[PDB]
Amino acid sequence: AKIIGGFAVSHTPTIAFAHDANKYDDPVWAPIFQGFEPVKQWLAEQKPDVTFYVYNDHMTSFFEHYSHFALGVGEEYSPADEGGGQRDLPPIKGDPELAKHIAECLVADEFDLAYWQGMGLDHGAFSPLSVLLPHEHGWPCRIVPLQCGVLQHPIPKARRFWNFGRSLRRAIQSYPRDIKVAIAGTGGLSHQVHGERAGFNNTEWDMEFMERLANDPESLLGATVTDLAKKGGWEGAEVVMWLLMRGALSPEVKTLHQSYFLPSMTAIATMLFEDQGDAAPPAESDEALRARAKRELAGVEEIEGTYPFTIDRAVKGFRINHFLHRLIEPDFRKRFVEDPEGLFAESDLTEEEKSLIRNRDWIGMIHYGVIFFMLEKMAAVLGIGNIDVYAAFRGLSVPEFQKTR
């Protein structure tokens, strides 16, 4: 319920790479690292429970299917493979509950989202994180990653990133739980990493954009992709994610820190923002917001024989829904039947999940949090005609249940 502040930081893989090579001591990289030191410190003192983390994936985990606002709702995240292997970093915990709360308020505010789990985080996330948080086995905090689809145009408008940040603030604030949340906007600043114009930077624009972001962010909201990429480089236009983190903060903020270094392709920059509360008590109340947020599933509880597939359910059921979803592959539905206890043994399903499938436990799996269309897959794959399932749901068997027409 408590937004403590927000920070902005580049997510260049060079950060990740200078870190892993331990060039902390090296003449080029050394002062760039003390650039992060105030944010690193501020994070270790404030000790937020969760960092709501805004980044973009770089056609690693997001390519053939590519969304604008992709809220990670899973309980855990590992480093992606970007063609060199995963980096040596412990997985970092998610926060499905808060993700669920945010998901709800954001849809109430007519933002069309996407939800995702299981998939790695590429340099977009773990590059500056590996440097801002100690991780020699556990990350100090949890994350709710929002990956943004900023590479494939048309992408959302600048004003739309800002307005997302705005609703985002009040969702986070209205979360009825006593936690500290930090907000990160990552990417930028100036840089262009493709075509004959590769190499482009613009320190003048970088410094203008940051002071405006800090002290007059509504002034940026009219900026087109063309504006932002003419001043900032094509890939520099990803700084709209900075606009979103800024939109999640108090109108006025205390800029505790700013740093800037431009050794190579990327203007490596860092801002820390201290949140300053709400001046006036806001136009919708915390409780009215919580109301309007689950207004769509208000009363849904009193419809029994009904297990709505919401995010908590989806997370609870993620392992088994994913295993049963893998039936659409040929060599998986084929050993689903030729070697179940071999497919089971190499799985990461709990024993309870194996036996639920084993028993052909139809309403058991629905109860557990298995979505039916995964069963619809299982029944067809095991040859079991679909309305054997609908019968076992209600208690009846095929012939007695059949009676309705």
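Heads up: residue numbers just count along the shown sequence, starting at 1.
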### No coordinates for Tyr390 in a third or more of the other PDB entries
no
### Task
May I ask whether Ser10 is missing from the deposited models in at least a third of the other compared entries?
no
### Task
Could you check the entry and say whether 48-56 or 366-374 has the higher mean CA B-factor?
366-374
### Query
Which is higher in the entry, the mean Cα B factor of 148-156 or that of 77-85?
77-85
### Message
Just to confirm, going by the entry's C-alpha B-factors, which of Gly94, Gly236, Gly299, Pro251 comes out highest?
### Response
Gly299
### Message
Just to confirm, going by the entry's C-alpha B-factors, which of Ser127, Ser219, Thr306, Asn163 comes out highest?
### Response
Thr306
### Query
Against its chain's modelled residues, does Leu213's Cα B factor rank lowest, middle or highest third?
lowest
### Query
By the record's CA B-factor, is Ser285 among the lowest, middle or highest third of residues in the chain?
highest
### Summary
The third of the chain into which the C-alpha temperature factor of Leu43 falls is the middle
### Query
By its CA B factor, does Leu256 count among the lowest, middle or highest third of the modelled residues in the chain?
middle
### Message
Which third, lowest, middle or highest, does the C-alpha temperature factor of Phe33 belong to within its own chain?
### Response
middle
